[PDB]
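K.L.:
From first to last, the protein sequence lines are chains L, I, H, B and A.
Sequence positions in the first sequence follow the authors' numbering and run 20 to 79, 142 to 201.
Sequence positions in the second sequence follow the authors' numbering and run 20 to 79, 142 to 201.
Sequence positions in the third sequence follow the authors' numbering and run 20 to 79, 142 to 201.
Offset between the fourth sequence (1-based) and the authors' numbering: plus 195.
Offset between the fifth sequence (1-based) and the authors' numbering: plus 195.
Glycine included, every Cβ here is placed at the ideal spot set by N, Cα and C.
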Amino acid sequence: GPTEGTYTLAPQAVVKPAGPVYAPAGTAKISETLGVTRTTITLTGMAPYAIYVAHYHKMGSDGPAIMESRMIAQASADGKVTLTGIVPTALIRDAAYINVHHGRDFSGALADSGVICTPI
Amino acid sequence: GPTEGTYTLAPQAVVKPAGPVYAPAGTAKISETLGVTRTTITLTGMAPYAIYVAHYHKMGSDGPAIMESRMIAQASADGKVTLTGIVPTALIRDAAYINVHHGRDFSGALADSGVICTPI
Amino acid sequence: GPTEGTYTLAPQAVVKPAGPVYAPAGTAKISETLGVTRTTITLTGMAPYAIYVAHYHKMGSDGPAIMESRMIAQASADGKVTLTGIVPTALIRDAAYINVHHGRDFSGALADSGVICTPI
Amino acid sequence: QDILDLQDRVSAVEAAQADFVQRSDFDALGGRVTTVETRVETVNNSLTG
Amino acid sequence: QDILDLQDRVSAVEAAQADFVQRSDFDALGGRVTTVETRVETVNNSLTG
């Protein structure tokens, strides 16, 4: 007795997503010691799997970036990036805003031009 | 020597999409035997190479899911996803609709919440 | 160390994408030798790492691709793709246009139905 | 002179008003466009990563 | 009293009506937005697979 029922399925109408909500948010901890600076930007609610280059943009907003401060990292499966970087203080002198961007490659690259920025 | 040529190119206006077509269709097969239930949901016109995790959602119509009927498989190359799976009838009880979702990986997970579905 | 600092993040106002700009341009150059035809087409401003299948479509704009004139290549990382090929001048005696399309895979079908086209 | 050559001109523009669009209607659509604009970038970034 | 202080008020709103939007026009765009909404998901799912 192989009770068998064949049912055609309907194409649905409600296809809302299910996973990390892209809601950028976080904090920064720039800590000076003996002429060196250690910056830790823990972000949450980011893209689930994405490289997030972050550097120090100088004042000028546009402004150049002291690229000797590029902190690179990728996110997890919920969207948690932890940028960490060591930069001489004399280098980061005259910096204005730590701008986080998106990374086209693990070698760096600025896919996006500022998904989140903090005044320093 | 041979006749040359050097035409300048020109962008086309209606660069219409080509390739297969997204129209979720399908037919389910709830064959039942002694005390186990094999179910063959054959879907067509789906997404070319996507994962299609389908299980049995209980009455609740977003409700809870007897996850012990997960079937994960990939969608061929023209959207020909063929899901199959065995589940003791005792676990199935109170299931009202077999929901098909998209997946994030072959390890289950939920991306879309109901691309196609049928009662029983 | 002796100095600390803690800054919460702010997601700017507008984030702008950078890198290549999708501005399709082109430069076709035919050179028909003894019963043979070489075709070196240089497309700049294309999609960063995409496939670019190119054929000679007959009259009937619209009309059938001489499939024996396919040229395939990738667009580097700034959108620079170079298409070269060699086809007897007898088969392309009724070609009216050289339609460049996007590709689904290495040596395969089209993903578009003509992005850029030059009349011959 | 102006016996009633305006009673017609009232319903005249009123007919066109019955169509057109709606503030809320258009606004709802703008929100969806913004959501899709962000979603495309999110998909691109996740897949690139 | 109302000599003709309305003959102006007719063409008054009619001028603004000549602009605005159109039901069909807005609707055509909504269908395209829905198509893009589905296309983004399709691309994401295929590439993720």
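Answer yes or no: does any C-beta atom of chain I fall closer than 8 Å to that of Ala192 (chain H)?
P.N.:
By this cut-off, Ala192 (chain H) is an interface position.
K.L.:
Which residues of chain A have a Cβ atom closer than 7 Å to the Cβ of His183 (chain I), listed in chain order?
P.N.:
Under the 7 Å cutoff, chain A gives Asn240.
K.L.:
In whole angstroms, what separates the C-alpha of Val231 (chain B) from that of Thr46 (chain H)?
P.N.:
Looking at the two C-alpha atoms, the distance is approximately 35 Å.
K.L.:
Leaving aside the five residues before and after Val55 (chain I) along the sequence, list all residues of the same chain whose C-beta is less than 8 Å from its C-beta, in chain order.
P.N.:
Correct list, in chain order: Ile167, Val168, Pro169, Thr170.
K.L.:
When the Cα of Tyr41 (chain I) is compared with those of I:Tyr68, I:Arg57, I:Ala73, which residue comes out closest?
P.N.:
Closest by alpha carbon: I:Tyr68.
K.L.:
Can you find a CB in chain I that lies within less than 8 Å of the CB of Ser50 (chain H)?
P.N.:
Output row for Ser50 (chain H): interface = yes.
K.L.:
Starting from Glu236 (chain A), trace the alpha helix (DSSP H) both ways and give me its first and last residue.
P.N.:
Residues 218-243.
K.L.:
Using beta-carbon positions only, say whether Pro30 (chain H) and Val72 (chain L) come within less than 8 Å of one another.
P.N.:
No. Outside cutoff.
K.L.:
Specify the secondary structure class of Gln31 (chain H) as computed by DSSP and reduced to three states.
P.N.:
Of the three classes helix, strand and coil, the one that applies to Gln31 (chain H) here is coil, per DSSP.
K.L.:
Hey, how far is the Cα of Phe221 (chain B) from the Cα of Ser150 (chain H)?
P.N.:
Spanning the two alpha carbons is a distance of roughly 48 Å.
K.L.:
May I have the straight-line CA-CA distance separating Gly244 (chain A) from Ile153 (chain L), to the nearest angstrom?
P.N.:
Using only the alpha carbons, I get a separation of about 27 Å.
K.L.:
For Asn180 (chain I) and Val205 (chain B), I'd like the C-alpha separation in whole angstroms.
P.N.:
Computed Cα separation, rounded: 55 Å.
K.L.:
Taking one C-beta from the segment 223-241 of chain A and one from the segment 224-243 of chain B each time, how about it: are there three or more such pairs within less than 8 Å?
P.N.:
These segments touch.
K.L.:
Are the Cβ atoms of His182 (chain H) and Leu172 (chain H) separated by less than 8 Å?
P.N.:
Not closer than 8 Å, so no.
K.L.:
When the Cα of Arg185 (chain H) is compared with those of I:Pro36, I:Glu23, I:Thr22, I:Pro21, which residue comes out closest?
P.N.:
Minimum Cα distance to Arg185 (chain H) is reached at I:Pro36.
K.L.:
Whole angstroms is fine: what's the gap from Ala44 (chain I)'s alpha carbon to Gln202 (chain B)'s?
P.N.:
Computed Cα separation, rounded: 56 Å.
K.L.:
Of all the CB atoms in chain A, is at least one closer than 8 Å to the CB of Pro67 (chain I)?
P.N.:
So, interface residue.
K.L.:
Please classify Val208 (chain A): is it buried, with 16 or more other beta-carbons within 10 angstroms of its beta-carbon, or exposed?
P.N.:
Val208 (chain A) comes out exposed.
K.L.:
For residue 202 (chain H), list the residues DSSP reports as bridge partners.
P.N.:
This structure leaves residue 202 (chain H) out entirely; chain H is present only between 20 and 201.
K.L.:
Going along the chain, which residues of its own chain have a beta-carbon closer than 6 Å to the beta-carbon of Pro39 (chain H), five neighbours each way excluded?
P.N.:
For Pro39 (chain H), where only same-chain residues beyond five positions count, the Cβ hits under 6 Å are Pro67, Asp159, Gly160.
K.L.:
Please look up how many angstroms separate the CB atoms of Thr165 (chain H) and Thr63 (chain H), rounded, as I've assumed it's under 8 Å.
P.N.:
Contact flag wrong, Cβ pair sits at about 16 Å.
K.L.:
Would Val33 (chain L) and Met65 (chain L) be called neighbours here (beta carbons separated by less than 8 Å)?
P.N.:
Contact: no.
K.L.:
Just by C-beta distance, which residues in the segment 214-233 of chain B are closer than 9 Å to chain A?
P.N.:
Going along the segment 214-233 of chain B in chain order, one finds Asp214, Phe215, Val216, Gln217, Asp220, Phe221, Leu224, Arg227, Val228, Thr230, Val231 with a Cβ nearer than 9 Å to chain A.
K.L.:
May I ask you to list, following chain order, the residues of the segment 21-44 of chain H that have a beta carbon less than 9 Å from some beta carbon of chain L?
P.N.:
Those residues of the segment 21-44 of chain H that come within reach of chain L (Cβ to Cβ, closer than 9 Å) are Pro21, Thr22, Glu23, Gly24, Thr25, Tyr26, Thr27, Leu28, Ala29, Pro30, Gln31, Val33, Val34, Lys35, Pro36, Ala37, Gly38.
K.L.:
Using the Cα positions of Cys198 (chain H) and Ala177 (chain H), report the straight-line distance between them to the nearest angstrom.
P.N.:
Using only the alpha carbons, I get a separation of about 10 Å.
K.L.:
Measure the alpha-carbon distance for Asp143 (chain H) versus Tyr26 (chain I) and round it to whole angstroms.
P.N.:
Approximately 19 Å, taken between the alpha carbons.
K.L.:
What are the boundary residues of the beta strand (DSSP E) that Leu164 (chain H) is part of?
P.N.:
Note, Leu164 (chain H): beta strand (DSSP E), 162-164.
K.L.:
What's the gap between the Cα of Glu236 (chain B) and the Cα of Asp193 (chain I)?
P.N.:
Cα to Cα, the separation comes out at about 18 Å.
K.L.:
So, does the CB of residue 150 (chain A) fall closer than 8 Å to a CB anywhere in chain I?
P.N.:
Lying before the first or after the last residue shown, residue 150 (chain A) is absent from chain A, which here runs from 196 to 244.
K.L.:
Answer yes or no: do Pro21 (chain L) and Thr52 (chain I) have a C-beta to C-beta separation smaller than 8 Å?
P.N.:
Yes, the Cβ-Cβ distance between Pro21 (chain L) and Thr52 (chain I) is below 8 Å.
K.L.:
Mind checking if residue 215 (chain I) is an interface residue toward chain L, Cβ cutoff 8 Å exclusive?
P.N.:
Since the displayed chain I opens at 20 and closes at 201, residue 215 (chain I) lies outside it and no answer follows.
K.L.:
Can you check which of these residues, B:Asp214, B:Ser219, B:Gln196, is closest to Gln217 (chain A) by C-alpha distance?
P.N.:
Nearest of B:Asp214, B:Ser219, B:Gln196 to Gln217 (chain A), Cα basis: B:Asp214.
K.L.:
If you follow the alpha helix (DSSP H) that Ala177 (chain I) is in, where does it begin and where does it stop?
P.N.:
Run containing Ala177 (chain I): none in the alpha helix (DSSP H); it sits in the beta strand (DSSP E), 176-181.
K.L.:
Relative to the C-alpha of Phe187 (chain H), which residue among H:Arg174, H:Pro200, H:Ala156 is closest?
P.N.:
Among H:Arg174, H:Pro200, H:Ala156, the Cα nearest to that of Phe187 (chain H) is on H:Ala156.
K.L.:
Need the endpoints of the alpha helix (DSSP H) that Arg204 (chain A) sits in, please.
P.N.:
Start and end: 202-212.
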